[PDB]
file target_17.csv (CSV, C-alpha atoms)
chain,number,residue,atom,x,y,z
A,793,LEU,CA,-39.8,58.9,-19.7
A,794,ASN,CA,-40.4,55.2,-19.0
A,795,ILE,CA,-43.7,56.0,-17.3
A,796,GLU,CA,-44.8,58.1,-20.2
A,797,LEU,CA,-43.7,55.4,-22.7
A,798,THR,CA,-45.7,52.8,-20.8
A,799,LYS,CA,-48.7,55.1,-20.6
A,800,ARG,CA,-48.5,55.7,-24.3
A,801,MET,CA,-48.2,52.0,-25.1
A,802,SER,CA,-51.4,51.5,-23.0
A,803,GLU,CA,-53.4,53.9,-25.2
A,804,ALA,CA,-52.1,52.1,-28.2
A,805,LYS,CA,-53.4,48.8,-26.9
A,806,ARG,CA,-56.5,50.6,-26.0
A,807,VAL,CA,-57.3,51.3,-29.6
A,808,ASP,CA,-55.7,48.3,-31.3
A,809,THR,CA,-57.9,45.5,-32.6
A,810,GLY,CA,-55.2,42.8,-32.9
A,811,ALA,CA,-52.3,44.5,-34.7
A,812,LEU,CA,-50.2,44.5,-31.5
A,813,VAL,CA,-52.5,42.5,-29.1
A,814,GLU,CA,-49.8,39.8,-28.8
A,815,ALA,CA,-47.3,42.5,-27.8
A,816,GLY,CA,-46.9,43.8,-24.3
A,817,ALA,CA,-46.4,47.2,-22.7
A,818,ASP,CA,-42.7,47.0,-21.8
A,819,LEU,CA,-39.8,48.8,-23.5
A,820,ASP,CA,-38.8,45.4,-25.0
A,821,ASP,CA,-42.1,45.6,-27.0
A,822,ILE,CA,-41.3,49.1,-28.3
A,823,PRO,CA,-39.9,48.0,-31.6
A,824,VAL,CA,-43.0,46.0,-32.6
A,825,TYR,CA,-45.2,49.0,-32.1
A,826,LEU,CA,-42.7,51.1,-34.0
A,827,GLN,CA,-42.9,48.6,-36.9
A,828,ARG,CA,-46.7,48.6,-36.7
A,829,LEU,CA,-46.6,52.4,-36.8
A,830,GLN,CA,-44.5,52.6,-40.0
A,831,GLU,CA,-46.9,50.0,-41.6
A,832,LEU,CA,-49.8,52.3,-40.8
A,833,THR,CA,-47.9,55.1,-42.3
A,834,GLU,CA,-46.7,53.2,-45.4
A,835,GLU,CA,-49.2,50.7,-46.8
A,836,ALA,CA,-52.2,50.2,-44.6
A,837,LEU,CA,-53.6,53.8,-44.6
A,838,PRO,CA,-52.8,54.6,-48.2
A,839,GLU,CA,-54.1,51.5,-49.8
A,840,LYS,CA,-57.1,51.4,-47.5
A,841,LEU,CA,-58.1,55.0,-48.2
A,842,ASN,CA,-57.7,54.1,-51.8
A,843,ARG,CA,-60.2,51.2,-51.3
A,844,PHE,CA,-62.6,53.5,-49.4
A,845,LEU,CA,-62.6,56.1,-52.2
A,846,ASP,CA,-62.9,53.4,-54.9
A,847,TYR,CA,-66.0,52.0,-53.2
A,848,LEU,CA,-67.4,55.5,-52.7
A,849,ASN,CA,-67.0,56.2,-56.4
A,850,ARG,CA,-68.0,52.8,-58.0
A,851,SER,CA,-70.9,52.6,-55.6
A,852,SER,CA,-73.0,55.6,-54.5
A,853,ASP,CA,-72.6,56.8,-58.1
B,245,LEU,CA,-84.3,48.1,-16.3
B,246,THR,CA,-81.6,47.9,-19.0
B,247,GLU,CA,-80.3,51.3,-18.0
B,248,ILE,CA,-80.1,50.3,-14.4
B,249,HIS,CA,-78.3,47.1,-15.4
B,250,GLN,CA,-75.8,49.0,-17.5
B,251,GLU,CA,-75.1,51.3,-14.5
B,252,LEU,CA,-74.5,48.2,-12.3
B,253,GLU,CA,-72.3,46.6,-14.9
B,254,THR,CA,-70.2,49.8,-15.2
B,255,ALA,CA,-69.8,49.9,-11.4
B,256,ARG,CA,-68.7,46.3,-11.2
B,257,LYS,CA,-66.2,46.9,-14.0
B,258,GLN,CA,-64.8,50.0,-12.3
B,259,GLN,CA,-64.4,48.1,-9.0
B,260,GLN,CA,-62.7,45.2,-10.7
B,261,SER,CA,-60.3,47.6,-12.4
B,262,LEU,CA,-59.6,49.4,-9.2
B,263,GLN,CA,-58.8,46.4,-7.0
B,264,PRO,CA,-55.5,45.5,-8.8
B,265,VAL,CA,-54.5,49.2,-8.2
B,266,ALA,CA,-55.0,48.7,-4.5
B,267,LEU,CA,-52.9,45.5,-4.5
B,268,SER,CA,-50.1,47.1,-6.4
B,269,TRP,CA,-50.2,50.2,-4.2
B,270,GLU,CA,-49.9,48.0,-1.1
B,271,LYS,CA,-46.9,46.2,-2.6
B,272,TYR,CA,-45.4,49.6,-3.4
B,273,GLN,CA,-46.0,50.8,0.2
B,274,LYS,CA,-44.1,47.7,1.5
B,275,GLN,CA,-41.2,48.3,-0.9
B,276,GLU,CA,-41.0,52.0,0.0
B,277,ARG,CA,-40.9,51.2,3.7
B,278,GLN,CA,-38.2,48.6,3.0
B,279,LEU,CA,-36.1,51.2,1.1
B,280,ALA,CA,-36.6,53.8,3.8
B,281,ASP,CA,-35.5,51.4,6.5
B,282,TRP,CA,-32.4,50.6,4.3
B,283,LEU,CA,-31.4,54.3,4.3
B,782,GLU,CA,-28.1,46.8,-2.7
B,783,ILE,CA,-29.9,50.1,-3.0
B,784,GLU,CA,-29.9,49.7,-6.8
B,785,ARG,CA,-31.8,46.4,-6.5
B,786,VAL,CA,-34.5,48.0,-4.3
B,787,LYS,CA,-34.7,51.0,-6.6
B,788,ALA,CA,-35.2,48.6,-9.6
B,789,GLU,CA,-38.0,46.8,-7.8
B,790,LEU,CA,-39.5,50.3,-7.1
B,791,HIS,CA,-39.2,50.9,-10.9
B,792,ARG,CA,-41.1,47.7,-11.6
B,793,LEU,CA,-43.8,48.4,-9.0
B,794,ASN,CA,-44.3,51.9,-10.3
B,795,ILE,CA,-44.6,50.6,-13.9
B,796,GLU,CA,-47.3,48.2,-12.7
B,797,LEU,CA,-48.9,51.0,-10.7
B,798,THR,CA,-49.1,53.2,-13.8
B,799,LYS,CA,-50.5,50.5,-16.0
B,800,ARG,CA,-53.2,49.6,-13.4
B,801,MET,CA,-54.0,53.3,-13.0
B,802,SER,CA,-54.4,53.7,-16.8
B,803,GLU,CA,-56.6,50.7,-16.9
B,804,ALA,CA,-58.8,52.0,-14.2
B,805,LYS,CA,-59.0,55.3,-16.0
B,806,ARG,CA,-60.1,53.6,-19.2
B,807,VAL,CA,-63.1,52.0,-17.6
B,808,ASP,CA,-64.1,55.1,-15.6
B,809,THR,CA,-67.2,57.2,-16.2
B,810,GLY,CA,-66.6,60.3,-14.1
B,811,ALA,CA,-65.1,60.7,-10.6
B,812,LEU,CA,-61.7,59.4,-11.6
B,813,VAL,CA,-61.4,62.0,-14.4
B,814,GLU,CA,-60.1,64.7,-12.1
B,815,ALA,CA,-57.0,62.6,-11.1
B,816,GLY,CA,-54.2,61.2,-13.2
B,817,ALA,CA,-52.3,58.0,-13.5
B,818,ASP,CA,-49.6,59.1,-11.1
B,819,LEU,CA,-48.5,57.9,-7.7
B,820,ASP,CA,-49.7,61.2,-6.2
B,821,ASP,CA,-53.2,60.3,-7.4
B,822,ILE,CA,-53.1,56.9,-5.7
B,823,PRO,CA,-55.2,58.0,-2.7
B,824,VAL,CA,-58.3,59.2,-4.6
B,825,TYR,CA,-58.5,55.9,-6.5
B,826,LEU,CA,-58.3,54.0,-3.3
B,827,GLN,CA,-61.0,56.3,-1.9
B,828,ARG,CA,-63.1,55.5,-5.0
B,829,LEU,CA,-62.7,51.8,-4.4
B,830,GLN,CA,-64.0,52.1,-0.9
B,831,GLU,CA,-66.8,54.4,-2.0
B,832,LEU,CA,-67.8,51.7,-4.4
B,833,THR,CA,-67.4,48.6,-2.3
B,834,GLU,CA,-69.4,50.1,0.5
B,835,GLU,CA,-71.9,52.5,-1.1
B,836,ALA,CA,-72.0,52.4,-4.9
B,837,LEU,CA,-72.0,48.7,-5.8
B,838,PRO,CA,-74.5,47.7,-3.1
B,839,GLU,CA,-77.1,50.4,-3.9
B,840,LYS,CA,-76.8,49.8,-7.6
B,841,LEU,CA,-77.2,46.0,-7.1
B,842,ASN,CA,-80.3,46.5,-4.8
B,843,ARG,CA,-81.9,48.8,-7.4
B,844,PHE,CA,-81.2,46.3,-10.1
B,845,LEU,CA,-82.6,43.4,-8.1
B,846,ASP,CA,-85.6,45.6,-7.4
B,847,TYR,CA,-86.4,46.6,-10.9
B,848,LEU,CA,-85.7,43.1,-12.2
B,849,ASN,CA,-88.5,41.9,-10.0
B,850,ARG,CA,-90.6,44.9,-11.1
B,851,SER,CA,-90.3,43.7,-14.7
B,852,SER,CA,-91.3,40.0,-14.6
B,853,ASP,CA,-93.4,39.7,-11.5
call {"tool": "encode", "arguments": {"input": "target_17.csv", "output": "structure tokens"}}
result
Amino acid sequence: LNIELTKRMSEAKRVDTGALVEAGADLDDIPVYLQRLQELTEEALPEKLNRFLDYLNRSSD
Amino acid sequence: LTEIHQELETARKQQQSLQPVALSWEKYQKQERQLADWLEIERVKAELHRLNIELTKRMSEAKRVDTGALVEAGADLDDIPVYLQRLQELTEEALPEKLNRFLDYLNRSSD
């Protein structure tokens, strides 16, 4: 499990652009990632898709 | 020439990624031989845990910067040999050729 977890964390840092850059790839850094995840599932994605659709409607039309 | 330069840069990046894998694998080999001689055990096994975590992280890194050959294998200890082979195949045959080609075409576009 630990191996997998570490591997998974790596891929996260592979795609992150600064959200969890300061974080590491050890189990002690697991909560931070989790927190980030909930944010991406709570406020970032919803509001940001809202902004994208608002721009696509106000502009391009 | 830019295509050739990109090939050379990718080869250099792959070799740089691979080398820490080799260092960590040598450390793991030393620890494994120590443990085998031992057969207190818990401390050695925890060090093995740490070394395997480092090994997997380095293997994943090397996979990230790979563009082919390493795709067959995975980021597991059993795949350690192939990566090592790749490193050699670079340091002796891939990186030199590439470099020469680059240093050739660089002179072919300027002189």
call {"tool": "interface_residues", "arguments": {"input": "target_17.csv", "of": "chain B", "to": "chain A", "cutoff": "9 Å", "atoms": "all atoms listed in the file", "output": "ChimeraX atom specification"}}
result
/B:794-795,798-799,802-803,806,817
call {"tool": "write_last_selection", "arguments": {"input": "target_17.csv", "atoms": "C-alpha atoms", "output": "tab-separated table (two decimals), in the coordinates of the input"}}
result
chain	number	residue	atom	x	y	z
B	794	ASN	CA	-44.30	51.90	-10.30
B	795	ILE	CA	-44.60	50.60	-13.90
B	798	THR	CA	-49.10	53.20	-13.80
B	799	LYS	CA	-50.50	50.50	-16.00
B	802	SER	CA	-54.40	53.70	-16.80
B	803	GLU	CA	-56.60	50.70	-16.90
B	806	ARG	CA	-60.10	53.60	-19.20
B	817	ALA	CA	-52.30	58.00	-13.50
call {"tool": "residues_near_point", "arguments": {"input": "target_17.csv", "point": "(-48.0, 38.8, -34.4)", "cutoff": "12 Å", "atoms": "all atoms listed in the file", "output": "PDB file with C-alpha atoms, keeping the file's coordinate frame"}}
result
ATOM      1  CA  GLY A 810     -55.200  42.800 -32.900  1.00  0.00           C
ATOM      2  CA  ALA A 811     -52.300  44.500 -34.700  1.00  0.00           C
ATOM      3  CA  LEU A 812     -50.200  44.500 -31.500  1.00  0.00           C
ATOM      4  CA  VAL A 813     -52.500  42.500 -29.100  1.00  0.00           C
ATOM      5  CA  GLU A 814     -49.800  39.800 -28.800  1.00  0.00           C
ATOM      6  CA  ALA A 815     -47.300  42.500 -27.800  1.00  0.00           C
ATOM      7  CA  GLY A 816     -46.900  43.800 -24.300  1.00  0.00           C
ATOM      8  CA  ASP A 821     -42.100  45.600 -27.000  1.00  0.00           C
ATOM      9  CA  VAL A 824     -43.000  46.000 -32.600  1.00  0.00           C
ATOM     10  CA  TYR A 825     -45.200  49.000 -32.100  1.00  0.00           C
ATOM     11  CA  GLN A 827     -42.900  48.600 -36.900  1.00  0.00           C
ATOM     12  CA  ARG A 828     -46.700  48.600 -36.700  1.00  0.00           C
TER      13      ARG A 828
END
call {"tool": "atom_distance", "arguments": {"input": "target_17.csv", "atom1": "CA of residue 844 in chain A", "atom2": "CA of residue 826 in chain A"}}
result
25.3 Å
call {"tool": "atom_distance", "arguments": {"input": "target_17.csv", "atom1": "CA of residue 266 in chain B", "atom2": "CA of residue 809 in chain A"}}
result
28.4 Å
call {"tool": "residues_around", "arguments": {"input": "target_17.csv", "residues": "residue 848 in chain B", "least_positions_apart": "2", "cutoff": "12 Å", "atoms": "all atoms listed in the file", "output": "list in words"}}
result
residues 245, 246, 247, 248, 249, 841, 842, 843, 844, 845, 846, 850, 851, 852 and 853 of chain B
call {"tool": "write_last_selection", "arguments": {"input": "target_17.csv", "atoms": "C-alpha atoms", "output": "mmCIF file, keeping the file's coordinate frame"}}
result
data_model
loop_
_atom_site.group_PDB
_atom_site.id
_atom_site.type_symbol
_atom_site.label_atom_id
_atom_site.label_comp_id
_atom_site.auth_asym_id
_atom_site.auth_seq_id
_atom_site.Cartn_x
_atom_site.Cartn_y
_atom_site.Cartn_z
ATOM 1 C CA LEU B 245 -84.300 48.100 -16.300
ATOM 2 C CA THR B 246 -81.600 47.900 -19.000
ATOM 3 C CA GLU B 247 -80.300 51.300 -18.000
ATOM 4 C CA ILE B 248 -80.100 50.300 -14.400
ATOM 5 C CA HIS B 249 -78.300 47.100 -15.400
ATOM 6 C CA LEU B 841 -77.200 46.000 -7.100
ATOM 7 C CA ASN B 842 -80.300 46.500 -4.800
ATOM 8 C CA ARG B 843 -81.900 48.800 -7.400
ATOM 9 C CA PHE B 844 -81.200 46.300 -10.100
ATOM 10 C CA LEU B 845 -82.600 43.400 -8.100
ATOM 11 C CA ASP B 846 -85.600 45.600 -7.400
ATOM 12 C CA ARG B 850 -90.600 44.900 -11.100
ATOM 13 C CA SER B 851 -90.300 43.700 -14.700
ATOM 14 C CA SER B 852 -91.300 40.000 -14.600
ATOM 15 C CA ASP B 853 -93.400 39.700 -11.500
#
call {"tool": "atom_distance", "arguments": {"input": "target_17.csv", "atom1": "CA of residue 837 in chain B", "atom2": "CA of residue 262 in chain B"}}
result
12.9 Å
call {"tool": "residues_around", "arguments": {"input": "target_17.csv", "residues": "residue 278 in chain B", "least_positions_apart": "6", "cutoff": "12 Å", "atoms": "all atoms listed in the file", "output": "JSON, numbers by chain"}}
result
{"B": [271, 272, 782, 783, 785, 786, 787, 789, 790]}
call {"tool": "closest_residue", "arguments": {"input": "target_17.csv", "among": "A:829, A:822, A:793, A:841", "to": "residue 808 in chain A", "atoms": "all atoms listed in the file"}}
result
A:829
